[PDB]
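Take a look at the letters that make up each chain.
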Amino acid sequence: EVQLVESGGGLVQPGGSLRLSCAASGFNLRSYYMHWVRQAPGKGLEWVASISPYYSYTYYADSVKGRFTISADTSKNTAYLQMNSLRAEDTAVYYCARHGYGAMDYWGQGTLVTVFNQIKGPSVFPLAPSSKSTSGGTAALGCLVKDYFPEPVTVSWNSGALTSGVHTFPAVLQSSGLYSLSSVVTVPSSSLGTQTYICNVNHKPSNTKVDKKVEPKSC
Amino acid sequence: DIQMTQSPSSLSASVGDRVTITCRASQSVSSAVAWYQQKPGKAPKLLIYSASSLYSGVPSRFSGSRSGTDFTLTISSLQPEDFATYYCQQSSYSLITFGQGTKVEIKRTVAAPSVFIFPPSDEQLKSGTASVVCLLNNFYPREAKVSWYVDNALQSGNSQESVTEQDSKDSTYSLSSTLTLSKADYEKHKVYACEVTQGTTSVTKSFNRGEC
Ligand SMILES: [Cl-]
Ligand SMILES: [Cl-]
Ligand SMILES: [Cl-]
Ligand SMILES: [N+]
Ligand code: NA
Ligand code: NA
Ligand code: NA
Ligand code: NA
Ligand code: NA
């Protein structure tokens, strides 16, 4: 069975370098064209580079010409993308893919490349449950996760014990150049004040975790 | 150079519906056009190649065609595993271009949101900024007008929205709108209100600064 496994993505600063690998199995890439295609978060597919069999001709998107180099080591059955002079616009999931029929018939799982010019851990503020909460009905509460960089943060509730009714919103890049998001959950109003609700916010880029107990605001 | 203009950017359909997605080339191009399907977190999957050839394993409800410089992907009878994002690809010599994608979402019946407003925390205020959050929980359709009023004055340019993908269980959306003010502006005003409009109904949730 044809398999492609990418590796090598990670965090890097502008002007930095990264080398991605694409390990092929189930076929010999010496007989095929291979491609790198990337996908910025929330956006569409963009072709990056291609390499031909036998002659090893290389082809590149205009925006990466002269900074990226595609190559292959047929003895390791592996393709590579050497990425130098990285810039913010290069942030993306990078796929390697095999050519077929003027298209791409097998794809790897992708590896994430995040170009970052700052590292800042989040501030976490309560979205406190309304005192007007409908008794016998449902109340909403949450955590506002503000001013972090780069992506991502993960949010859980009660260390993963609370999952039903949770909505963690896609992050928004603010005009400040920092991300924010909110995570909310609906619960029975009758549980407010006697059931503990804690949001667990992890930001691995800054090695920061915040746990915030969200209580009704005292009056 | 070559551009593939894909339309529509998104559409809602029901199981059994006939779905048409179009990519318009900016100039004359070869028929080396492929279609992919992609689900969240997953790699694309090849559906069609050479504009109209079905890739093996792909069920026969998928087909592709070409007219002039218009390429079309058709799903004859939409099935539940077909809700996804679709992309066209054009190859001309070495240059490979993709359309910007089409998200195919599921139709369901109308559902009004539960609306909640959240004042800024006292802890945030001491930083000098105030975030006011309005939540629209589990509603359909996605289109909604969310307006902020501060002492009955309509706000513009100081709020942003975020929306979840369709829920896997109930096919609804949820949406947040966050109004961002300086602490000084926040403490100058009293009534904060989020007004949510869909069709013939508006729901406004408010609070008075200081009152609990
Ligand atoms: Cl070359
Ligand atoms: Cl749960
Ligand atoms: Cl304004
Ligand atoms: N006021
Ligand atoms: Na991706
Ligand atoms: Na709050
Ligand atoms: Na996220
Ligand atoms: Na408690
Ligand atoms: Na789209």
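The name the PDB entry assigns to chain B is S1CE VARIANT OF FAB-EPR-1 light chain, from the organism Homo sapiens. Its official PDB title, as written in the record, is "Structure of FabS1CE-EPR-1, a high affinity antibody for the erythropoeitin receptor".

Looking at the PDB entry, one finds chain A named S1CE VARIANT OF FAB-EPR-1 heavy chain, with Homo sapiens as its source organism.

Engineer: Just checking my understanding: could you explain the packing of aromatic side chains for this structure?
Structural biologist: What characterises a pair of aromatic rings is the spacing of the ring centres plus the angle enclosed by the ring planes. According to the stated counting rule, one finds 12 aromatic pairs over all chains in the structure shown. Ring geometry for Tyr 140 of chain B against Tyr 173 of chain B: centres 6.0 Å apart, planes inclined by 15°, an arrangement best described as stacked. Taken together, the positions of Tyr 140 of chain B in the loop between β13 (129-139) and β14 (145-150) and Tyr 173 of chain B in strand β17 (residues 173-182) put the pair 33 residues apart, joining distant regions of the chain. Taking relative accessible area as the criterion, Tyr 140 of chain B reaches 8% and is therefore assigned buried. The class of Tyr 173 of chain B is buried, set by a relative accessible area of 2%. Ring pairing ties together the aromatic residues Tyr 95 and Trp 107 of chain A together with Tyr 36 and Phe 98 of chain B, which thus form one cluster. A cation over a ring is seen here: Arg 98 of chain A above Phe 27 of chain A, with NZ or CZ 5.0 Å from the ring centre. Here the basic side chain of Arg 98 of chain A rests over the ring of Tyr 32 of chain A, its NZ or CZ set 4.2 Å away from the ring centre.

Engineer: Sorry, what's going on with the environment of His 35 of chain A here?
Structural biologist: Structurally, the position occupied by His 35 of chain A is in strand β4 (residues 34-39). Owing to a relative accessible area of 5%, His 35 of chain A belongs among the buried residues under this scheme. Between the C-alpha atoms of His 35 of chain A and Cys 96 of chain A, which are 61 residues apart in sequence, the distance is 5.6 Å. Excluding anything up to four places from it in sequence, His 35 of chain A contacts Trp 47, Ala 49, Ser 50, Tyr 95, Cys 96, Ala 97, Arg 98, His 99, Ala 103 and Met 104 of chain A together with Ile 96 of chain B. One polar contact links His 35 of chain A to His 99 of chain A, side chain to side chain, over a distance of 3.1 Å.

Engineer: Looking at this structure, I do not really get the sheet that holds β13 of chain B. What am I missing?
Structural biologist: What links the strands of a sheet is backbone hydrogen bonding, and the strands pair in either a parallel or an antiparallel sense. All names here are of chain B. Taken together, 4 strands build an open sheet; the order of strands is β12-β13-β17-β16 and the sheet is antiparallel. Edge strands, defined here as strands with exactly one partner in the open sheet, are β12 (114-118) and β16 (159-163). Strand-to-strand twist across the sheet, computed as the mean angle between neighbouring axes with direction ignored, equals 15°. Pairing between β16 and β17: 5 bridges, direction antiparallel. Among the inter-strand pairings, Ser 159 is bridged to a residue of β17, identified as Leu 179.

Engineer: Whenever I open this one, the coordination of the sodium ion (ligand 5) confuses me. Can you help?
Structural biologist: Any two of four tetrahedral donors ideally make an angle of 109.5 degrees at the metal, while pairs among six octahedral donors ideally make 90 or 180 degrees. Residue and element names in this part refer to chain A. Around the sodium ion (ligand 5), the protein contributes the donor atoms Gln 39 (OE1) and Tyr 95 (OH), which lie 2.8 to 3.1 Å from the metal centre. Residue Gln 39 is located in strand β4, and its partner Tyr 95 is located in strand β9 (residues 92-100); the two are separated by 56 residues in the primary sequence. For the residue pair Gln 39 and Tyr 95, the accessibility class agrees, reading buried in each case.

Engineer: Looking at this model, I keep getting lost on the interface of chain B and chain A. Mind explaining?
Structural biologist: Interface size, as often reported, equals the accessible area lost upon joining of the parts. Opposite the 39 residues of chain B that make contact, chain A presents 45 residues. The dominant element in the side of chain B that touches chain A, judged by the number of residues it contributes, is β13 of chain B, at 6 residues. Taken together, the residues of the side of chain B that touches chain A break down into 18 nonpolar, 17 polar and 4 charged.

Engineer: Explain the pattern of salt bridges to me, please; I cannot follow it from the model alone.
Structural biologist: Two side chains bearing opposite charge may form a pair once their charged atoms approach each other closely. In this structure the tally under the stated criterion is 18 salt bridges over all chains. One salt bridge in this structure joins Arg 87 of chain A and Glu 89 of chain A, with 2.8 Å as the shortest N-O distance. Taking the relative accessible area as the measure of exposure, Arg 87 of chain A reaches 45% and is therefore partly exposed. Residue classification places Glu 89 of chain A among the exposed positions, given a relative accessible area of 52%. We note a salt bridge from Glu 165 of chain B to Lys 103 of chain B, for which the minimum N-O separation is 3.0 Å. Here the residue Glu 165 of chain B occupies a position in the loop between β16 and β17, and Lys 103 of chain B occupies one in strand β11 (residues 102-106), the gap between them amounting to 62 residues. For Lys 103 of chain B, a relative accessible area of 28% gives the class partly exposed. A single network of salt bridges, built from pairs that share partners, joins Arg 38, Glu 46, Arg 67 and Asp 90 of chain A.

Rules used in this analysis
- Residues numbered from 1 in each chain as written, not as in the entry; some residues may be left out.
- Chains lettered and ligands numbered in written order.
- Heavy atoms only, no water.
- Residues with missing side-chain atoms left out of burial classes, pairs and counts.
- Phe/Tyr/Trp six-rings, centres within 6.5 Å; stacked < 30°, edge-to-face > 60°.
- Helix = DSSP H or I, 4+ residues; strand = E, 2+ residues; numbered from the N terminus.
- Buried < 20%, exposed > 50% of the residue type's maximum accessible area, 1.4 Å probe, protein only.
- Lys NZ or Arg CZ within 6 Å of the ring centre and 35° of its normal.
- Contact = heavy atoms within 4.5 Å.
- Polar contact = N/O pair within 3.5 Å; in protein donor to acceptor, adjacent residues only side chain to side chain.
- Pairing = 2+ DSSP bridges.
- Axes fitted to C-alpha atoms, helices over the stretch in contact; angles between N-to-C directions.
- Donors = N, O, S within 2.8 Å, 3.2 Å for Na, K, Ca; no water.
- Nonpolar A, V, L, I, M, F, W, Y, C, P; charged D, E, K, R; others polar.
- Salt bridge = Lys/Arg side-chain N within 4 Å of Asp/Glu carboxyl O.

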